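Note sheet for the following structure.
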Amino acid sequence: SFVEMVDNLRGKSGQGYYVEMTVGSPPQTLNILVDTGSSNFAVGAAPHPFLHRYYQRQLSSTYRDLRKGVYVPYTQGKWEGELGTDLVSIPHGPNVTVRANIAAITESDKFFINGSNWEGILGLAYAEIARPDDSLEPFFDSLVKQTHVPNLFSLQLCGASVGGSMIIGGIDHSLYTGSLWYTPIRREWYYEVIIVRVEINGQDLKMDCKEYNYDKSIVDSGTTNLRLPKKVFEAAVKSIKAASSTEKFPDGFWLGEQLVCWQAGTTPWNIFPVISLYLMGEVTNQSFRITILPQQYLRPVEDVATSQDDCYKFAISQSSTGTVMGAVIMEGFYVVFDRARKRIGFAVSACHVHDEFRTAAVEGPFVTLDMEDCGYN
Ligand SMILES: CC(C)c1cccc(CNC[C@@H](O)[C@@H]2C[C@H](C)CCOCCCCNc3cc(cc(Cl)n3)C(=O)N2)c1
């Protein structure tokens with residue numbers, strides 16, 4: 001019954017992927033951003049200039065007030081609101097209805113996006129990072145507790161407006177090719193993983209692998225960019241600068257601010273390197289790698305001039321809170337969040353990015369000694 005969920009995601013570039021849901025009785029239809037980087041289910045519940053619609057608790061006969069406030073500060077954006085429960089369904093999802101915790105957003109700051117077409121957020125990570133605390137059961141835990149939906153979901157995020165699939169409860173084999181490669185979920189809070197090696201155009205960055213995971217590495221469909229700890233970001237930009245020194249770019253481009261353009265169809269993809277991230281595998285001393293094309297980390301953006309140029313932003317940026325494998329990394333891969341078996345799977349997506357001479361790949365096995373040393377403590 002998974003075919004009913006294929007292509008159930010839509011989005012705008014840089015603005016998240018959303019799935020259609022209903023809350024309340026009678027059902028109120030809302031678009032909900034799918035966010036593996038957080039754990040609160042929250043919806044616009046009061047007028048906002050960027051909300052086309054919002055949750056009206058007054059109109060739902062199944063709404064229950066929890067008489068408790070809540071606020072969530074993200075890296076970018078925050079909101080506050082009132083906790084409650086209500087019945088929730090996913091029209092292009094499993095055929096079930098769950099009573100779920102819902103944060104009714106009454107105020108927000110740089111959270112909703114002008115013309116994004118989504119009105120709420122589905123935090124898919126674990127209770128340990130839920131606000132106000134881990135006693136607020138996340139939506140997916142409630143779904144698994146109340147239905148027969150198996151305890152896993154998979155995300156196929158497709159590139160450049162954008163679409164994809166969230167397979168709730170399983171793996172749809174028509175969405176990927178090759179083998180799935182699995183990395184352990186290190187700890188059930190974020191979807192935390194361990195990066196054991198980084199190569200750019202086949203050359204090892206040769207850093208202490210702890211640097212790659214300082215102070216954590218997470219898989220986050222709710223963050224656009226690949227975000228790297230300061231030391232790793234600097235090594236990577238230096239290497240990417242050198243590989244592309246044929247041309248020169250404003251250094252504000254390398255900070256993710258200034259866009260760069262080329263005459264339509266003449267983007268010099270060949271001068272940008274591929275990035276390989278090696279992940280801890282399932283067996284002793286075994287890892288695997290995912291390879292990222294420049295078409296993923298050069299995110300296309302609208303032309304700032306009166307031309308029909310191809311314009312892009314550098315979609316790698318610096319982090320102070322660990323590595324973030326964001327949507328730009330996930331695009332072109334089929335990513336299986338196998339919560340039941342505490343692992344995350346990667347495979348080449350059916351909607352993989354296309355270079356002329358190169359290909360995004362998931363490859364293994366590799367031998368990597370001392371992988372446990374790569375985790376930060
Ligand atoms: C709530 C707790 C657990 C917490 C605190 C800090 C970090 C995390 C890790 N996940 C962050 C993720 O949930 C959070 C969700 C957004 C607010 C969802 C709406 O935006 C989508 C369009 C912008 C995409 N681009 C983007 C997003 C974000 C940071 C950066 Cl630099 N770019 C970011 O902040 N996205 C989690």
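Residues in the structure tokens are named by chain (A, B, ... in the order shown) and by number from 1 within that chain; ligands are numbered from 1 in the order shown.
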Worksheet entry | Expected answer as a count of residues only: strand (DSSP E) residues in region 2-154 of chain A | 63
Worksheet item: What do you get as number ranges by chain if you pick all residues at most 7 Å from ligand 1, counting only C-alpha atoms and all ligand atoms?
Response: A: 14-16, 33, 35-39, 72-78, 111-112, 121, 129-130, 220, 222-225
Now that the selection is made, can you save its residues with C-alpha atoms as a short mmCIF file (atom, residue, chain, number, x, y, z; two decimals), in the first residue's frame?
```
data_model
loop_
_atom_site.label_atom_id
_atom_site.label_comp_id
_atom_site.auth_asym_id
_atom_site.auth_seq_id
_atom_site.Cartn_x
_atom_site.Cartn_y
_atom_site.Cartn_z
CA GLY A 14 15.54 26.16 0.37
CA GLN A 15 12.15 26.21 2.14
CA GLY A 16 11.63 22.61 3.27
CA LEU A 33 6.98 20.59 6.88
CA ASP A 35 11.63 17.80 9.87
CA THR A 36 13.90 14.99 11.03
CA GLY A 37 15.92 17.62 12.92
CA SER A 38 13.34 18.21 15.69
CA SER A 39 10.60 16.43 17.61
CA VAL A 72 10.96 25.92 20.44
CA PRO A 73 14.16 27.78 19.48
CA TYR A 74 15.71 26.37 16.30
CA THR A 75 19.04 27.36 14.77
CA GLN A 76 17.04 29.72 12.53
CA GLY A 77 13.60 30.76 13.74
CA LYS A 78 11.52 30.16 16.84
CA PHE A 111 9.86 30.73 11.37
CA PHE A 112 7.16 30.93 8.70
CA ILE A 121 6.04 21.39 11.23
CA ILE A 129 14.87 16.74 22.23
CA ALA A 130 11.13 17.53 22.44
CA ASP A 220 18.20 16.86 9.27
CA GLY A 222 14.65 20.56 8.09
CA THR A 223 17.98 22.26 7.34
CA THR A 224 18.83 23.17 3.76
CA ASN A 225 22.61 23.19 3.81
#
```
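Counting only C-alpha atoms, residue 261 (chain A) has the following residues at most 9 Å away, ignoring those fewer than 3 positions along the same chain: residues 264, 267, 303, 309, 310, 311 and 312 of chain A.
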Worksheet item: If you count only C-alpha atoms, which residues fall within 9 Å of residue 350 (chain A), apart from same-chain ones fewer than 5 positions away, as an MDAnalysis selection string?
Response: chainID A and resid 156 158 174:177 332:334
Got time to write the residues from that selection, C-alpha atoms, as a PDB file, in the first residue's frame?
```pdb
ATOM      1  CA  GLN A 156      13.059  10.482  -0.895  1.00  0.00           C
ATOM      2  CA  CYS A 158      14.068  15.204  -5.021  1.00  0.00           C
ATOM      3  CA  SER A 174      10.732   1.422  -6.598  1.00  0.00           C
ATOM      4  CA  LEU A 175      12.223   4.632  -5.141  1.00  0.00           C
ATOM      5  CA  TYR A 176      15.908   3.588  -5.249  1.00  0.00           C
ATOM      6  CA  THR A 177      18.515   1.542  -7.105  1.00  0.00           C
ATOM      7  CA  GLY A 332      19.206  12.282  -4.649  1.00  0.00           C
ATOM      8  CA  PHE A 333      19.418   9.625  -1.936  1.00  0.00           C
ATOM      9  CA  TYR A 334      16.722   7.399  -0.539  1.00  0.00           C
TER      10      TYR A 334
END
```
Response to the item:
note - CA of residue 188 (chain A) and CA of residue 370 (chain A) are separated by 22.2 Å
Discussion item. I'd like the contact shell of residue 377 (chain A) - 12 Å cut-off, only C-alpha atoms, skipping same-chain residues fewer than 6 positions apart - returned as number ranges by chain.
Written reply: A: 186, 194, 210-211, 213-216
Store the residues picked out above, limited to N, CA, C and O atoms, as an mmCIF file, in the first residue's frame.
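Output file again22.cif is given in full below:
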```
data_model
loop_
_atom_site.group_PDB
_atom_site.id
_atom_site.type_symbol
_atom_site.label_atom_id
_atom_site.label_comp_id
_atom_site.auth_asym_id
_atom_site.auth_seq_id
_atom_site.Cartn_x
_atom_site.Cartn_y
_atom_site.Cartn_z
ATOM 1 N N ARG A 186 23.455 6.617 16.507
ATOM 2 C CA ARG A 186 24.355 6.523 17.659
ATOM 3 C C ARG A 186 23.584 6.639 18.968
ATOM 4 O O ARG A 186 23.867 5.925 19.934
ATOM 5 N N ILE A 194 27.703 8.794 12.880
ATOM 6 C CA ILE A 194 29.139 9.017 13.030
ATOM 7 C C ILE A 194 29.786 9.014 11.643
ATOM 8 O O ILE A 194 29.722 8.007 10.927
ATOM 9 N N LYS A 210 37.286 12.667 14.805
ATOM 10 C CA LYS A 210 36.458 13.334 15.813
ATOM 11 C C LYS A 210 36.025 14.720 15.369
ATOM 12 O O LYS A 210 34.946 15.183 15.761
ATOM 13 N N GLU A 211 36.864 15.414 14.584
ATOM 14 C CA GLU A 211 36.502 16.750 14.114
ATOM 15 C C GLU A 211 35.233 16.719 13.268
ATOM 16 O O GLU A 211 34.442 17.672 13.298
ATOM 17 N N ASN A 213 32.655 15.030 13.762
ATOM 18 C CA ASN A 213 31.486 14.803 14.600
ATOM 19 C C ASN A 213 31.510 15.662 15.865
ATOM 20 O O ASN A 213 30.946 15.293 16.897
ATOM 21 N N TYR A 214 32.150 16.810 15.791
ATOM 22 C CA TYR A 214 32.286 17.714 16.921
ATOM 23 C C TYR A 214 31.229 18.809 16.810
ATOM 24 O O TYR A 214 31.343 19.688 15.952
ATOM 25 N N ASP A 215 30.221 18.792 17.690
ATOM 26 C CA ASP A 215 30.061 17.839 18.799
ATOM 27 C C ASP A 215 29.025 16.739 18.516
ATOM 28 O O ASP A 215 28.693 15.934 19.405
ATOM 29 N N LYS A 216 28.497 16.725 17.295
ATOM 30 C CA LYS A 216 27.596 15.659 16.870
ATOM 31 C C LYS A 216 27.452 15.768 15.365
ATOM 32 O O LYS A 216 27.822 16.774 14.760
#
```
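Using only C-alpha atoms, the shortest contact distance between residue 232 (chain A) and any of A:291, A:319, A:300, A:59 is found at A:319.
The shell of residues at most 12 Å from residue 257 (chain A), with only C-alpha atoms counted and near chain neighbours (fewer than 6 positions) removed, consists of residues 249, 250, 251, 301, 312, 313, 314, 315, 316 and 317 of chain A.
Distance-wise, CA of residue 372 (chain A) and CA of residue 237 (chain A) end up 26.8 Å apart.
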Per residue of region 164-277 of chain A within 12 Å of region 131-142 of chain A, which atom pair is closest and at what distance in Å (one decimal), using only C-alpha atoms, listed by chain and increasing number, as JSON lines?
```
{"residue": "A:168", "atom": "CA", "partner": "A:140", "partner_atom": "CA", "distance": 9.4}
{"residue": "A:169", "atom": "CA", "partner": "A:140", "partner_atom": "CA", "distance": 10.1}
{"residue": "A:188", "atom": "CA", "partner": "A:134", "partner_atom": "CA", "distance": 11.7}
{"residue": "A:189", "atom": "CA", "partner": "A:134", "partner_atom": "CA", "distance": 9.7}
```
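Every protein or nucleic acid residue with an atom no more than 7 Å from residue 218 (chain A), counting only C-alpha atoms and leaving out same-chain residues fewer than 4 positions away, appears here: residues 190, 191, 192, 193, 323, 324 and 325 of chain A.
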Kindly export the residues of the current selection with N, CA, C and O atoms, as a PDB file, in the first residue's frame.
```
ATOM      1  N   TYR A 190      18.468  13.480  18.440  1.00  0.00           N
ATOM      2  CA  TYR A 190      18.538  13.701  17.003  1.00  0.00           C
ATOM      3  C   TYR A 190      18.715  12.355  16.308  1.00  0.00           C
ATOM      4  O   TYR A 190      18.957  11.327  16.954  1.00  0.00           O
ATOM      5  N   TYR A 191      18.610  12.356  14.973  1.00  0.00           N
ATOM      6  CA  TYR A 191      19.089  11.201  14.210  1.00  0.00           C
ATOM      7  C   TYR A 191      20.605  11.344  14.068  1.00  0.00           C
ATOM      8  O   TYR A 191      21.139  11.824  13.062  1.00  0.00           O
ATOM      9  N   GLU A 192      21.308  10.938  15.122  1.00  0.00           N
ATOM     10  CA  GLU A 192      22.749  11.119  15.221  1.00  0.00           C
ATOM     11  C   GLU A 192      23.505   9.949  14.604  1.00  0.00           C
ATOM     12  O   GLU A 192      23.236   8.785  14.919  1.00  0.00           O
ATOM     13  N   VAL A 193      24.493  10.273  13.771  1.00  0.00           N
ATOM     14  CA  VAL A 193      25.341   9.300  13.096  1.00  0.00           C
ATOM     15  C   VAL A 193      26.807   9.668  13.326  1.00  0.00           C
ATOM     16  O   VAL A 193      27.129  10.726  13.863  1.00  0.00           O
ATOM     17  N   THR A 323      28.057  18.660  12.740  1.00  0.00           N
ATOM     18  CA  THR A 323      27.741  18.478  11.323  1.00  0.00           C
ATOM     19  C   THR A 323      26.236  18.340  11.113  1.00  0.00           C
ATOM     20  O   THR A 323      25.555  17.616  11.842  1.00  0.00           O
ATOM     21  N   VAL A 324      25.706  19.016  10.102  1.00  0.00           N
ATOM     22  CA  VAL A 324      24.303  18.833   9.746  1.00  0.00           C
ATOM     23  C   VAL A 324      24.232  18.351   8.305  1.00  0.00           C
ATOM     24  O   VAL A 324      24.543  19.109   7.374  1.00  0.00           O
ATOM     25  N   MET A 325      23.795  17.097   8.119  1.00  0.00           N
ATOM     26  CA  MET A 325      23.519  16.545   6.794  1.00  0.00           C
ATOM     27  C   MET A 325      22.103  16.964   6.437  1.00  0.00           C
ATOM     28  O   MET A 325      21.126  16.288   6.769  1.00  0.00           O
TER      29      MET A 325
END
```
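Of the listed residues (A:254, A:17, A:182, A:278), A:17 comes nearest to residue 31 (chain A); the distances count only C-alpha atoms.
Counting only C-alpha atoms, the residue from A:32, A:236, A:196, A:51 that sits nearest to residue 18 (chain A) is A:32.
Relative to CA of residue 328 (chain A), CA of residue 299 (chain A) is found at 7.7 Å.
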